[PDB]
């Protein structure tokens, strides 16, 4: 089954939270902790019969790319995931050719480490290889939308059986660790999908989202 609810945005989404820990599971939420005026994330009816409702992430107001932890479309999942492989799929439309759209799947309620900083725990994108991809995130997947004004399939596999302890690249972060997810890991019981379009000036629309065990 699709684990994402309101997958085609047939129900209007307006709920904003200031932290995913406050989001009601099984619903979409809007995270926009960027400064007032930087981005607008909102529900829309598109006029396109194939994707008639969508979320629009509009970075027209941005002077800089937006932050991974500040501005995104999210959905918290508390149904209890299995250690296994999952596919996340959706359709996206960009105002400008080449605009990226992005994904990560993060633990909702993190503990702090010995040094007082919140952990950042993510499921590993399945194709991550730290040796071959020293400059890439192991958590966040990015896909360039090649054409403007065209609904485009976005597909990424995640391994819920592996986690990474940072969103940063291996080269940038000697503390980065990939590990096997514990059977009792908190992330399996309470996580959220984040869909983002961070580029300054870009406008990305999102519709028809699926998360499925494969």
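Residue numbers count along the first chain shown, from 1.
Stretch comparison (71-79 versus 115-123) by mean CA B-factor in the PDB entry places 115-123 on top.
When the mean C-alpha temperature factors of 137-145 and 105-113 are read from the deposited coordinates, 105-113 comes out higher. Across 185, 35, 54, 41, the entry's maximum B-factor at the CA atom is seen for 185. Considering 167, 62, 156, 30 together, the PDB entry gives 62 the largest C-alpha B factor. Ranked by Cα temperature factor within the chain, residue 25 sits in the middle third according to the deposited record.
Among the modelled residues of its chain, residue 190 has a C-alpha B-factor that falls in the lowest third, as given in the PDB entry. Compared with the other modelled residues of the chain, the Cα B-factor recorded for residue 160 ranks in the lowest third. Sort the modelled residues of the chain by CA B factor and residue 204 lands in the middle third.
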